[PDB]
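For reference, the structure is listed below as structure tokens.
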Amino acid sequence: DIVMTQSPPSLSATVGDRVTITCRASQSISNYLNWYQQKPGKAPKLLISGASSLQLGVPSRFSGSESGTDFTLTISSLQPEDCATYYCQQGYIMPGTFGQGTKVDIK
Amino acid sequence: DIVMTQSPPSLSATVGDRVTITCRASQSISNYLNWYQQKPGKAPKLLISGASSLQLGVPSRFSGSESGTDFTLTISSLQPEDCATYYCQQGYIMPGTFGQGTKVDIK
Amino acid sequence: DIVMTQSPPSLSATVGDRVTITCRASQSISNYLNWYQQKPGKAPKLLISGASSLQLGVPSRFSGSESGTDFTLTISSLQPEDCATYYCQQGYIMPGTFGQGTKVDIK
Amino acid sequence: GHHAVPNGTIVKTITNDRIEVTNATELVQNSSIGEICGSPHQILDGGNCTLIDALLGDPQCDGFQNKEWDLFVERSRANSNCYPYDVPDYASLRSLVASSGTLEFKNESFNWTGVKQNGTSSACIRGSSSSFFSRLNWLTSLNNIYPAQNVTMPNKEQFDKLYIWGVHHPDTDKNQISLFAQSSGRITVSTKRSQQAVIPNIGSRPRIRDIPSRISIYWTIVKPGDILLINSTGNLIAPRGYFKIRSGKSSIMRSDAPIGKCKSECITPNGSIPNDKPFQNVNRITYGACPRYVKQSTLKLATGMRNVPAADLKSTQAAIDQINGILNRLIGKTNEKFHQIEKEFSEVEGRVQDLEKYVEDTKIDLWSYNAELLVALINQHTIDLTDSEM
Amino acid sequence: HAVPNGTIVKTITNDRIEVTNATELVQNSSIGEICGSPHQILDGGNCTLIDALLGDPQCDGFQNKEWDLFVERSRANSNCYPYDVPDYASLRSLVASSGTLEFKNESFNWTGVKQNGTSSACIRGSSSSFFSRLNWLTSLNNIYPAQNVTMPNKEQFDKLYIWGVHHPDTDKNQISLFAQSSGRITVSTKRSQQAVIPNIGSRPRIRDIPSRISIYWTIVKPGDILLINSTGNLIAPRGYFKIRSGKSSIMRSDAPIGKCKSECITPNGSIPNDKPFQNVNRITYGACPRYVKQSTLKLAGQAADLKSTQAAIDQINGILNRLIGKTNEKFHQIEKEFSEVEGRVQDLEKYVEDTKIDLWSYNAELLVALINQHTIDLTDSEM
Amino acid sequence: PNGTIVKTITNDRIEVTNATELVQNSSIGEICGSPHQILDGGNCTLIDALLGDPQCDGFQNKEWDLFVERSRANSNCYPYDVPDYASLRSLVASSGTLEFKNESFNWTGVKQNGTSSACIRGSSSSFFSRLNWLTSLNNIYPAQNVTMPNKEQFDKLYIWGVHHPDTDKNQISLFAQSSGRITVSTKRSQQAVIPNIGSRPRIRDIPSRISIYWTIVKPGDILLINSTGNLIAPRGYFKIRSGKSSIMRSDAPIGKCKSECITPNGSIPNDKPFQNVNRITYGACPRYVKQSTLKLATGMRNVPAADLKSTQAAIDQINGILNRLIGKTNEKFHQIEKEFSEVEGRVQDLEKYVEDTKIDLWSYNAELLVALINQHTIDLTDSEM
Amino acid sequence: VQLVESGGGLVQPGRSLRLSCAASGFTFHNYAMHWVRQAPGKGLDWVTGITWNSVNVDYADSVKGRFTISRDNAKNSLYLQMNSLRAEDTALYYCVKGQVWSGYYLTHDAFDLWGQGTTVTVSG
Amino acid sequence: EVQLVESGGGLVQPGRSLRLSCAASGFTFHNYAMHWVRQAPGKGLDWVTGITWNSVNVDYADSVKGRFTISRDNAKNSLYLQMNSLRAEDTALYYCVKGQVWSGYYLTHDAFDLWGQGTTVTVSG
Amino acid sequence: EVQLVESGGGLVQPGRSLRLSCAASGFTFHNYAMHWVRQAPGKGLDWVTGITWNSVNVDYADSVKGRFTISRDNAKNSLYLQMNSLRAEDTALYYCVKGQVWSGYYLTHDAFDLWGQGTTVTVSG
Ligand SMILES: *[C@@H]1O[C@H](CO)[C@@H](O[C@@H]2O[C@H](CO)[C@@H](O[C@@H]3O[C@H](CO[C@H]4O[C@H](CO[C@H]5O[C@H](CO)[C@@H](O)[C@H](O)[C@@H]5O)[C@@H](O)[C@H](O[C@H]5O[C@H](CO)[C@@H](O)[C@H](O)[C@@H]5O)[C@@H]4O)[C@@H](O)[C@H](O[C@H]4O[C@H](CO)[C@@H](O)[C@H](O[C@H]5O[C@H](CO)[C@@H](O)[C@H](O)[C@@H]5O)[C@@H]4O)[C@@H]3O)[C@H](O)[C@H]2NC(C)=O)[C@H](O)[C@H]1NC(C)=O
Ligand SMILES: *[C@@H]1O[C@H](CO)[C@@H](O[C@@H]2O[C@H](CO)[C@@H](O[C@@H]3O[C@H](CO[C@H]4O[C@H](CO)[C@@H](O)[C@H](O)[C@@H]4O)[C@@H](O)[C@H](O[C@H]4O[C@H](CO)[C@@H](O)[C@H](O)[C@@H]4O)[C@@H]3O)[C@H](O)[C@H]2NC(C)=O)[C@H](O)[C@H]1NC(C)=O
Ligand SMILES: *[C@@H]1O[C@H](CO)[C@@H](O[C@@H]2O[C@H](CO)[C@@H](O[C@@H]3O[C@H](CO)[C@@H](O)[C@H](O)[C@@H]3O)[C@H](O)[C@H]2NC(C)=O)[C@H](O)[C@H]1NC(C)=O
């Protein structure tokens with residue numbers, strides 16, 4: 001039903017740089033957006049729920065924000081362990097719809 | 001004076017049964033009714049004051065209630081120690097109006 | 001530029017009597033009057049500030065009062081240590097206006 | 001041709017500010033009789049005594065026991081001659097007891113295991129012996145032991161019950177140990193719908209009748225089918241019974257006027273006032289079928305006709321009938337109000353008091369505007385109709 | 001022109017005068033159903049607003065639901081742990097005017113404690129449970145370490161936090177639940193603080209429980225930070241609600257909800273708003289006519305003259321257009337019915353309402369009298 | 001030629017010659033201060049001036065008839081909370097003066113005049129100028145029992161406080177006792193306060209707080225202070241008077257003009273009976289009505305000369321009506337608050353309800369009054385001809 | 001906690017008698033005290049009562065004018081004096097105590113303590 | 001140790017049936033909703049089915065609306081998925097995921113806080 | 001304890017200048033306002049000059065305007081007076097006086113709580 005769009009399909013950054021991923025929705029979701037990180041060969045892990053609530057165990061360099069109408073996930077100090085695919089998901093109205101992931105590489 | 005009327009002049013009940021005594025007043029008394037129990041050859045002992053307040057030392061089987069401008073004294077389990085004469089009195093006006101007694105016997 | 005007037009210019013009393021000194025002001029000072037006591041050959045010592053507040057260390061026989069539009073300093077039981085000159089001063093307007101002196105002598 | 005009067009009166013209309021007429025009536029009452037005479041109402045004179053003191057059982061207020069009223073008169077010489085005390089919400093309790101209208105008291109037999117009861121103080125002297133409040137029980141340790149109390153009383157009747165209890169605040173810790181055997185007490189009075197937990201505070205206070213301690217008074221209401229539970233560990237001023245809460249017409253007034261004998265329906269702190277006229281100028285505080293308050297000294301309605309200095313019966317009768325119909329509509333019909341809010345304050349408190357003053361000022365201004373407009377309208381139409389009969 | 005069946009109205013100079021039509025300006029009836037077409041109505045059967053907010057099992061279906069008017073019924077009860085709100089009216093008004101239940105979870109630290117405690121008097125399904133939006137924190141391995149959690153507000157709206165303090169019956173229960181003999185809670189932001197100490201003591205048993213819970217609320221602004229530093233007796237939050245400014249309110253009414261369209265709601269039902277005044281109830285929602293304490297108020301060969309008739313009809317219809325139809329909308333207002341005895345505030349509220357009712361009744365009487373008098377005057381001047 | 005449309009009871013639009021306006025819709029954006037004493041509290045709230053802020057020092061021992069609070073006001077000293085802020089603010093605002101008189105309390109065995117880094121007075125750390133932070137001396141804090149009578153002829157206001165430290169270590173370091181208690185009493189009232197330890201968000205690097213309380217001592221009374229710890233003592237007493245004074249929140253410049261009616265937007269003329277600017281007014285002000293235009297028919301009807309007597313009669317009647325309406329205004333000085341920055345609950349709802357009722361009733365009154373007067377004016381001007 | 005009685009006996013018609021009631025075990029100057037007589041096998045009747053301040057005193061209709069009730073708080077005693085006795089007064093007398101802690105009036109209370117009566121016989 | 005373990009994957013022909021089972025250990029099962037999410041080889045993530053704790057509100061995706069059934073057993077701590085008719089578009093890795101809201105009545109306002117290493121389903125000749 | 005010590009003074013011819021110093025020991029000097037007062041021989045007490053902490057409000061008497069200057073040094077704890085043009089009317093004993101208000105922006109609404117034993121200034125041939 002609700003289509004989710006992710007801005008950068010692929011990103012490359014140096015260790016220590018700042019990385020931003022953006023997500024947009026077709027309809028209005030009342031800040032019910034969740035960010036998921038999936039390494040190759042493993043199950044996805046939830047990073048932030050509600051676009052601003054960090055889950056326990058996630059490092060503090062991950063932040064989430066609502067820039068007016070877009071949803072932004074920011075990595076402040078990128079590390080080699082932060083190479084994965086990132087998805088944005090809605091929770092307002094079922095069915096849950098995942099956007100196409102953003103792949104991050106290290107230079 | 002305010003005449004007081006007690007319904008059963010004499011009552012007989014089996015041990016363990018339920019006994020009810022009813023009293024009526026000529027005028028309106030603001031629930032200022034007292035119940036007295038007198039065994040033969042002894043001084044009266046006050047049972048209930050205010051028509052609903054049980055005095056200390058009186059067994060819990062004695063209860064006092066007000067229903068339809070009538071005052072009721074109830075014994076739930078008539079033990080053999082409860083054979084006496086039961087009187088009603090008022091306290092609103094002071095001419096002094098002890099009613100006639102109800103005599104209780106045990107089969 | 002307030003003119004403070006004191007009375008009496010000189011007073012005599014016996015050891016144990018009651019002594020009263022009165023002070024008047026030209027304009028309306030909002031209960032800002034300070035009493036000062038000076039022995040011969042020493043620096044002035046403040047007794048009462050605000051016309052009713054005893055400073056610490058001053059004996060309780062000294063009292064200050066606002067009698068109508070006049071200000072009164074009272075010594076209840078005069079002692080030989082209370083032979084000095086007393087002044088009344090304002091604090092409302094900046095130019096400090098000391099009054100004259102009331103010289104007290106014992107008999 | 002109309003008639004003229006050698007004398008005259010001046011009234012106000014909409015188009016004209018000063019019109020001479022033949023006869024005008026005053027719609028505002030400016031005087032009282034000075035006596036609060038209770039022929040239709042029941043009035044209780046609380047000399048020497050306040051309402052709370054009568055409730056608690058002051059030795060002086062002993063004659064107010066189990067007495068009903070429709071209006072309570074509290075005088076300016078009222079004082080207290082018992083143990084010093086405070087009420088954390090004085091106005092609420094005063095209003096509740098005043099509107100209840102009865103001081104009926106029924107005793108109850110609380111258990112109270114292992115304590116010394118009926119404690120007395122020398123601040124309260126009844127007759128020629130030290131005493132205490134007649135409706136409260138001072139619980140003091142017995143044999144240097146104060147066991148914890150856990151007592152319950154159900155409400156099997158068909159009305160709400162009001163319980164008045166208290167917490168003792170001593171001055172020093174030595175006094176607390178000597179009176180209640182424990183360093184710190186705690187009181188928990190709860191029902192199925194509410195709970196009150198109080199902790200005493202120890203400290204010195206200015207001496208009233210050589211007493212440096214105080215008492216804090218609290219109240220609870222128990223509905224039918226409920227249970228009142230008291231679970232104090234120390235510093236408890238127990239209740240000796242329960243009062244009766246009723247809903248009806250009753251209030252409390254602060255005044256200093258003598259009580260007489262006349263059938264006046266409207267009472268103000270200045271005195272009793274007649275209610276024939278629709279408005280008044282005496283006082284904001286009223287009780288029972290009273291004309292409304294306006295801030296105007298005079299408000300005259302033209303019950304006559306203009307003057308410019310055989311007989312016809314039909315026109316005269318028509319004019320008289322219309323004017324008397326207007327007068328009947330205005331004069332006599334007065335609404336009744338019982339137990340309004342307080343309008344005079346002896347202290348300064350803050351937000352609630354400012355809100356109350358604002359409400360009363362708004363009411364007074366609006367009713368003054370209404371009175372002025374009504375008199376102007378009626379005078380204009382009266383003059384118009386009497387000039388239309390020619 | 002004359003009529004055989006007349007009507008009787010009142011003017012300033014006349015008390016009973018006979019006229020022709022004499023329409024009516026006060027409404028004395030309702031259809032008995034709370035229609036729900038223009039507004040959004042939420043039926044809280046067996047469910048109060050506070051119980052739905054906290055999340056007792058019977059109200060499990062009310063979570064994450066918006067409304068424009070909450071309907072509370074007289075059969076509403078509580079079937080969970082006994083609780084008390086020290087300021088019930090304020091919290092009820094706050095949540096009612098907010099107009100939404102919307103819960104977003106947060107991940108507090110909560111070190112070294114046992115979470116998700118359950119009680120035998122809060123049964124959800126077939127197993128014991130608790131409130132769905134509060135976290136009962138209990139000791140683990142007979143240790144209850146101090147808590148120092150903190151949450152900032154990086155969003156663009158105020159956040160509402162509901163928490164509580166547990167008052168146990170006895171000291172033994174307190175120790176068995178929280179290791180400390182006496183606990184203490186401090187919840188503070190950059191602008192406010194709230195310190196609460198539990199009170200140990202016995203209470204009457206509701207569903208076989210002698211202990212209670214006291215419920216408190218805080219609000220965090222978009223640039224603030226919430227700090228919780230309790231070392232005992234804490235019923236922790238599970239997240240935050242959203243506070244909005246809107247047109248929502250609450251209403252107590254035992255009336256059925258039906259499929260119809262009407263704009264003015266009263267506890268008796270939905271009433272039409274064409275006439276300017278009403279007589280049904282003083283509690284209203286939406287565009288409603290004013291409340292007056294009066295039962296009725298009423299306002300006025302061969303040939304024909306078309307011009308004069310049209311002029312009179314035009315003037316009368318202009319008056320009616322000015323009066324009938326144009327109403328004012330009041331959404332949230334103060335409480336008008338009380339089931340307890342409180343004191344100063346209740347008396348003040350009753351005084352305010354009585355003053356308003358009296359003034360509006362006087363205004364209605366004067367207005368009807370004036371308009372009738374001038375209507376008769378103008379209709380007499382045209383002939 | 002030019003005409004004006006007015007409203008009566010029978011007719012909703014009538015073209016008349018001349019029509020006046022009874023609603024003021026504009027204001028000069030200046031708080032004129034000629035007939036009223038106006039004190040500009042830039043960067044300073046009223047409570048921060050009652051206490052001694054290091055940046056509100058110039059407001060001390062100052063009187064006023066209206067206090068102006070600006071939106072840029074902020075605190076720059078030790079964080080504090082007043083449990084009843086509105087009541088204290090209203091009481092001090094309606095008192096109308098700040099006049100401190102010093103008193104010599106009998107404090108024993110304690111360290112007085114304690115300072116902090118939140119307050120900076122020029123170059124050195126400091127505290128409030130009207131309070132006294134009493135800490136321990138030589139690790140001992142003896143119990144304080146201090147008495148002071150009121151032998152004067154006016155009520156005395158005392159502002160004291162309690163200290164809430166972050167941790168128990170800080171409490172012991174400041175006051176030797178683990179838990180303190182304060183009891184401030186008179187012959188007719190008592191306040192007992194207990195501090196609450198616990199951490200709080202840091203304002204200017206301070207996790208502690210101060211609670212502020214006030215007491216009023218009447219003539220013939222006596223103030224007793226009994227404290228074991230955590231007491232912020234007073235240095236003296238303020239003076240309470242009854243008069244015309246209030247406090248307003250307004251971001252408007254102060255000028256040299258003269259005007260009687262003040263408003264947060266500015267000073268407005270009071271010739272016309274009603275207004276449309278703001279619900280918050282000071283002094284002799286027009287009433288508030290929701291309407292933007294309310295016009296009174298000051299002329300006869302317009303349809304598209306020696307009779308001087310009739311003209312004079314009509315002019316006199318209309319001018320008498322105008323004299324009755326225009327210029328006679330009521331003076332309200334201190335009122336309730338009408339704007340709220342936070343959501344509180346029942347009392348705020350009650351205040352909002354009261355103001356809404358007042359505004360609606362006065363709007364209805366204004367509309368009806370204009371209608372009646374227009375109708376009677378037109379009727380009399382038609383009767384004169 | 002007991003109220004003892006003395007003074008009963010046999011007296012001829014038209015003569016006088018004096019009954020005394022002594023209280024022990026409770027504070028006497030707080031409670032109201034009454035007298036109640038019972039005829040042989042007939043019932044209970046009220047005759048008189050007095051308050052703690054001896055301000056409000058009430059008598060039964062059949063005993064008005066001939067019976068006097070007095071109290072001494074210092075000696076903890078309650079006295080009754082009969083002057084013109086008749087044959088209708090031969091009964092057993094009980095000295096009873098009220099329940100309210102400090103009552104200004106004799107109403108709105110009960111009888112929470114009764115003594116063992118003394119016999120009075122009026123016959124030839 | 002909080003984990004979800006899946007079983008029942010394999011190779012099946014088109015038009016036939018399969019049953020996957022998910023066992024939960026380490027948390028209270030009757031407080032959280034449970035969903036199924038499938039991932040194609042080298043493609044994105046797709047939502048399939050979802051159930052609550054009371055098995056009252058059950059939701060399905062559009063493409064698996066008719067031939068898929070989801071069930072729960074609270075006593076045995078199990079989540080079952082049954083596929084009746086299978087096509088070539090369903091060859092994927094299946095994850096049995098759990099919800100975040102404690103005792104949620106509806107499936108909407110929540111997020112998937114725990115995931116299980118799914119099982120492979122291949123529908124080919 | 002608390003004391004104020006004054007230095008300077010002596011005999012000076014008319015028209016000449018000299019400087020008096022007052023040193024404070026025993027209290028926080030940067031909190032209290034400081035004044036200079038003088039007393040003629042057996043005549044009375046006359047106010048001379050006054051200054052506050054931070055040295056913003058400075059006031060002088062009419063008879064000593066334009067020829068007298070008062071200054072502070074809070075770092076060195078000193079109060080200085082400089083008199084330039086002198087007459088025979090200034091032969092007096094000078095007292096250095098401390099104020100009472102703990103921190104006063106303005107010089108008024110105060111009282112003199114501490115005085116120092118002054119120094120003698122004589123202006124004669
Ligand atoms: C009550 O109900 C609530 C919901 O209403 C429940 O709360 C949820 O609990 C979930 C677990 O049941 C939890 O999700 C897991 O979170 C952790 C992240 O680690 C953090 O938490 C652990 C656990 O302790 C905390 O939580 C418990 C909950 O009861 C509290 O009791 C306790 O006091 C703590 O608050 C901490 O140990 C851990 O600390 C470490 O990190 C911090 C820094 O953040 C350091 O300071 C510290 O020194 C430690 O290093 C964190 O605080 C994850 O463990 C987990 O994800 C993993 O879950 C399991 C194993 O647990 C497994 O499948 C996977 O683990 C592996 O995952 C990666 C892949 O291999 C890799 O990281 C590792 O290999 C790892 O082993 C899986 O990824 C979950 O995300 C929810 O966050 C929580 N929700 C909320 C809203 O609070 C609560 O449990 C219920 N309680 C009871 C008693 O019933
Ligand atoms: C904390 O601080 C408070 C306030 O200072 C203290 O409270 C005072 O306590 C003293 C006793 O310690 C009280 O004095 C007593 O007052 C009673 C009233 O009699 C006198 O009343 C006033 C003076 O108070 C005068 O008119 C006159 O002196 C009256 O005689 C009496 O009960 C006492 O009797 C004594 O009276 C005089 C005085 O010496 C003697 O001739 C008698 O023989 C006899 O000794 C005594 O005067 C005083 O009133 C209290 N003040 C207040 C305001 O309450 C606290 O004690 C202190 N400490 C603590 C721990 O709280
Ligand atoms: C509410 O009333 C009950 C009535 O029982 C009080 O409970 C009793 O409290 C006292 C005081 O704490 C207990 O005495 C002491 O308890 C422990 C052992 O339990 C020990 O310190 C001492 O040996 C001593 O016995 C008493 O046991 C306890 N009784 C029961 C049955 O629990 C309770 O304190 C009251 N609460 C309040 C707030 O007043």
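Scheme for the structure tokens: letters A, B, ... for chains in order shown; per-chain residue numbers from 1; ligand numbers from 1 in order shown.
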
Determine, for each residue of chain F having at least one atom at most 10 Å from an atom of ligand 2, the closest pair of atoms and their separation in Å to one decimal, counting only C-alpha atoms and all ligand atoms; order by chain and ascending number, as a tab-separated table.
residue	atom	partner	partner_atom_place_in_ligand_line	distance
F:143	CA	ligand 2	60 (C)	9.5
F:144	CA	ligand 2	1 (C)	8.5
F:145	CA	ligand 2	1 (C)	4.9
F:146	CA	ligand 2	2 (O)	6.2
F:147	CA	ligand 2	4 (C)	5.5
F:148	CA	ligand 2	4 (C)	8.6
F:149	CA	ligand 2	53 (C)	8.8
F:186	CA	ligand 2	53 (C)	8.9
F:187	CA	ligand 2	53 (C)	8.6
F:221	CA	ligand 2	53 (C)	9.4
F:222	CA	ligand 2	53 (C)	6.9
F:223	CA	ligand 2	53 (C)	8.4
F:224	CA	ligand 2	4 (C)	6.8
F:225	CA	ligand 2	2 (O)	8.4
F:226	CA	ligand 2	1 (C)	7.4

Serialized selection, C-alpha atoms, as a PDB file, in the first residue's frame:
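selection_3.pdb was written with the following content:
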ATOM      1  CA  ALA F 143      20.036  23.870  65.621  1.00  0.00           C
ATOM      2  CA  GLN F 144      18.692  27.377  65.015  1.00  0.00           C
ATOM      3  CA  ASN F 145      15.845  28.802  67.128  1.00  0.00           C
ATOM      4  CA  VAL F 146      15.305  32.443  66.138  1.00  0.00           C
ATOM      5  CA  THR F 147      12.462  34.768  67.132  1.00  0.00           C
ATOM      6  CA  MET F 148      11.381  38.130  65.769  1.00  0.00           C
ATOM      7  CA  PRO F 149       8.334  40.221  66.741  1.00  0.00           C
ATOM      8  CA  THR F 186       3.595  32.433  63.701  1.00  0.00           C
ATOM      9  CA  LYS F 187       0.744  32.698  66.201  1.00  0.00           C
ATOM     10  CA  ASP F 221       2.521  38.708  65.970  1.00  0.00           C
ATOM     11  CA  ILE F 222       5.846  36.874  66.157  1.00  0.00           C
ATOM     12  CA  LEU F 223       7.888  34.877  63.638  1.00  0.00           C
ATOM     13  CA  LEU F 224       9.693  31.762  64.876  1.00  0.00           C
ATOM     14  CA  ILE F 225      12.276  29.963  62.734  1.00  0.00           C
ATOM     15  CA  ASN F 226      13.376  26.528  63.948  1.00  0.00           C
TER      16      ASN F 226
END

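Once chain H has been superposed on chain I by least squares across all Cα atoms, the two differ by an RMSD of 0.3 Å.
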
Could you please extract the residues within 12 Å of ligand 3, counting only C-alpha atoms and all ligand atoms, and hand them back as an MDAnalysis selection string?
(chainID D and resid 112:113 145:152 181:182 184:190 196:199 229:236) or (chainID E and resid 167:173 175 181 198:203 210)

Environment of ligand 1 within 8 Å, counting only C-alpha atoms and all ligand atoms, reported as number ranges by chain:
A: 45-46, 55-59; E: 105-116, 135, 238; H: 1-4, 26-28, 100-102, 113-116

Within 6 Å of residue H:98, counting only C-alpha atoms, which residues show up once you throw out same-chain ones fewer than 3 positions away? Write them as a PDB file with N, CA, C and O atoms, in the first residue's frame, please.
ATOM      1  N   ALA H  33       3.228  -9.957  19.666  1.00  0.00           N
ATOM      2  CA  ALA H  33       2.743 -10.370  18.362  1.00  0.00           C
ATOM      3  C   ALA H  33       3.856 -11.054  17.577  1.00  0.00           C
ATOM      4  O   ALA H  33       5.044 -10.882  17.860  1.00  0.00           O
ATOM      5  N   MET H  34       3.463 -11.844  16.581  1.00  0.00           N
ATOM      6  CA  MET H  34       4.427 -12.590  15.786  1.00  0.00           C
ATOM      7  C   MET H  34       4.103 -12.481  14.304  1.00  0.00           C
ATOM      8  O   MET H  34       2.942 -12.601  13.901  1.00  0.00           O
ATOM      9  N   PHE H 112       9.586  -4.759  14.675  1.00  0.00           N
ATOM     10  CA  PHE H 112      10.116  -6.105  14.864  1.00  0.00           C
ATOM     11  C   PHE H 112      11.430  -6.018  15.629  1.00  0.00           C
ATOM     12  O   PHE H 112      12.451  -5.601  15.075  1.00  0.00           O
ATOM     13  N   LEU H 114      12.938  -8.666  17.441  1.00  0.00           N
ATOM     14  CA  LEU H 114      13.725  -9.888  17.411  1.00  0.00           C
ATOM     15  C   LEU H 114      13.456 -10.640  16.120  1.00  0.00           C
ATOM     16  O   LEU H 114      12.310 -10.740  15.674  1.00  0.00           O
TER      17      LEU H 114
END

Identify, on the basis of only C-alpha atoms, every residue whose closest approach to residue B:77 does not exceed 7 Å; exclude the query and any residue fewer than 6 positions from it along the same chain; express the result as a PyMOL selection string.
chain B and resi 15-18+61

Output N, CA and C atoms of each residue in that selection to a file, as a compact mmCIF listing (two decimals), in the first residue's frame.
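Generated file (selection25.txt):
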# COMPACT_ATOMS: atom_id res chain seq x y z
N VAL B 15 -32.44 -23.65 69.18
CA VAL B 15 -31.04 -23.25 69.28
C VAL B 15 -30.42 -23.30 67.89
N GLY B 16 -29.85 -22.17 67.45
CA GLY B 16 -29.27 -22.05 66.14
C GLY B 16 -30.13 -21.32 65.12
N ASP B 17 -31.39 -21.04 65.45
CA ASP B 17 -32.29 -20.40 64.51
C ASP B 17 -32.09 -18.89 64.50
N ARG B 18 -32.91 -18.20 63.72
CA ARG B 18 -32.84 -16.76 63.55
C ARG B 18 -34.02 -16.10 64.24
N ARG B 61 -23.40 -11.82 66.95
CA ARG B 61 -24.66 -12.32 66.42
C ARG B 61 -25.79 -11.31 66.56

Using only C-alpha atoms, determine which residues of chain C fall within 8 Å of chain F; present them as a ChimeraX atom specification.
/C:50,52-56,66

Which neighbours of residue E:214 fall inside 7 Å, counting only C-alpha atoms, when residues of the same chain fewer than 5 positions from it are skipped, and could you give them as a CSV table (one decimal) with N, CA, C and O atoms, in the first residue's frame?
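As a result, result_15.csv now contains:
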chain,number,residue,atom,x,y,z
E,83,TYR,N,-5.8,1.8,42.5
E,83,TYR,CA,-4.9,2.9,42.2
E,83,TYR,C,-5.7,4.2,42.6
E,83,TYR,O,-6.9,4.2,42.6
E,84,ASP,N,-4.9,5.3,42.8
E,84,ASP,CA,-5.5,6.6,43.1
E,84,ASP,C,-4.7,7.6,42.4
E,84,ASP,O,-3.5,7.5,42.3
E,85,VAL,N,-5.4,8.6,41.8
E,85,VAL,CA,-4.7,9.7,41.2
E,85,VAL,C,-4.9,11.0,42.1
E,85,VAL,O,-6.0,11.4,42.3
E,86,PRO,N,-3.8,11.5,42.6
E,86,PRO,CA,-4.0,12.7,43.5
E,86,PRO,C,-4.6,13.9,42.9
E,86,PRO,O,-5.3,14.6,43.7
E,164,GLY,N,4.2,6.0,38.5
E,164,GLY,CA,3.5,5.8,39.7
E,164,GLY,C,4.4,5.4,40.8
E,164,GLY,O,5.6,5.2,40.7
E,165,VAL,N,3.8,5.4,42.0
E,165,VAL,CA,4.5,5.0,43.3
E,165,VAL,C,3.6,4.0,44.0
E,165,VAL,O,2.4,4.2,44.1
E,166,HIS,N,4.2,2.9,44.4
E,166,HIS,CA,3.5,1.8,45.1
E,166,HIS,C,3.5,2.0,46.6
E,166,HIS,O,4.5,2.1,47.2

Excluding residue G:115 and its own-chain neighbours fewer than 5 positions away, which residues fall within 6 Å of it when counting only C-alpha atoms? Please give them as number ranges by chain.
G: 3, 94-95

I'd like to know which residues of chain I are helix (DSSP H, G or I) (by DSSP, run on the backbone); could you write them as a PyMOL selection string?
chain I and resi 53-55+62-64+88-90
